[PDB]
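> The structure's right below; bear with me while I get my questions together.
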Amino acid sequence: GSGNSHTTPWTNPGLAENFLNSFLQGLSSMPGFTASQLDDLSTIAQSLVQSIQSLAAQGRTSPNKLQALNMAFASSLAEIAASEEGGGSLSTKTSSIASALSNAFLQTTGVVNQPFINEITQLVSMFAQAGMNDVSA
């Protein structure tokens with residue numbers, strides 16, 4: 001047959017793996033996570049690919065299903081981001097992820113979008129803080 005009019009990272013397990021590989025590789029050298037956390041993160045990454053294959057095997061991908069995978073990706077980052085030994089603050093960690101994401105975007109599809117990366121980083125910082133955990137004077 002034919003098609004080719006739909007190509008997205010989350011939709012194709014190979015493109016998803018490319019995204020995760022490029023992102024993880026670039027993020028390790030960032031002041032966000034550590035090579036140690038990046039190892040655990042490889043497992044957390046592959047767990048996405050397995051679920052992507054499940055849907056791809058039927059040639060069906062509901063928007064809300066593929067989106068729930070994206071929400072869960074940020075959700076997973078908040079857990080290891082709240083964990084100790086991952087740099088220092090949550091703010092700098094979520095900030096480094098945005099910088100690693102753009103580099104990964106250049107490798108997956110070759111197109112980086114500033115606000116698309118921001119909304120993704122807000123999920124992590126929102127999940128972790130879930131209010132105002134710090135004060136000011």
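Quick note on naming: the chains in the structure tokens go A, B, ... in the order shown, residues restart at 1 in each chain, and ligands are numbered from 1 in order of appearance.
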Write out as a short mmCIF file (atom, residue, chain, number, x, y, z; two decimals) with N, CA, C and O atoms, in the first residue's frame which residues come within 9 Å of residue A:82 when counting only C-alpha atoms, dropping same-chain ones fewer than 5 positions away.

data_model
loop_
_atom_site.label_atom_id
_atom_site.label_comp_id
_atom_site.auth_asym_id
_atom_site.auth_seq_id
_atom_site.Cartn_x
_atom_site.Cartn_y
_atom_site.Cartn_z
N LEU A 77 9.61 11.77 34.65
CA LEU A 77 10.71 12.69 34.87
C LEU A 77 10.58 13.31 36.26
O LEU A 77 11.59 13.40 36.94
N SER A 89 18.54 21.55 42.38
CA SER A 89 17.14 21.94 42.40
C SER A 89 16.31 21.34 41.27
O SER A 89 16.83 20.94 40.22
N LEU A 90 14.98 21.34 41.48
CA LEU A 90 14.02 20.85 40.49
C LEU A 90 13.98 21.83 39.32
O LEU A 90 13.90 21.39 38.18
N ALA A 128 6.14 17.75 40.37
CA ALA A 128 7.05 17.75 41.51
C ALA A 128 6.62 18.74 42.60
O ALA A 128 6.49 18.34 43.76
N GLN A 129 6.44 20.02 42.26
CA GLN A 129 6.06 21.03 43.25
C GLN A 129 4.63 20.86 43.76
O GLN A 129 4.43 20.95 44.98
#
> Quick one: contact table of stretch 43-126 of chain A to stretch 2-7 of chain A, 12 Å max, nearest atom pair and distance in Å to one decimal per residue, counting only C-alpha atoms, chain and number order, as a Markdown table?

| residue | atom | partner | partner_atom | distance |
| --- | --- | --- | --- | --- |
| A:59 | CA | A:3 | CA | 11.9 |
| A:61 | CA | A:6 | CA | 11.4 |
| A:108 | CA | A:7 | CA | 10.5 |
| A:109 | CA | A:7 | CA | 9.0 |
> For a quick check of understanding, using only C-alpha atoms, which of A:107, A:122, A:13, A:20 has the smallest distance to residue A:93?
A:122
> Skipping near chain neighbours, those fewer than 2 positions away, what residues fall within 9 Å of residue A:10 using only C-alpha atoms, listed as a ChimeraX atom specification?
/A:7-8,12-13,15-16,19,48-49,52,66-67,69-70
> Kindly indicate which residue among A:57, A:132, A:117, A:41 lies nearest to residue A:25, using only C-alpha atoms for the distances.
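Result for the nearest residue to residue A:25: A:41.
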> Point out the residue among A:1, A:14, A:9, A:31 with the least atom-to-atom distance to residue A:88, counting only C-alpha atoms.
A:31
> I need the residues of stretch 34-103 of chain A that end up classed as helix (DSSP H, G or I) by DSSP on the backbone, written out as a ChimeraX atom specification.
/A:35-56,63-82,90-103
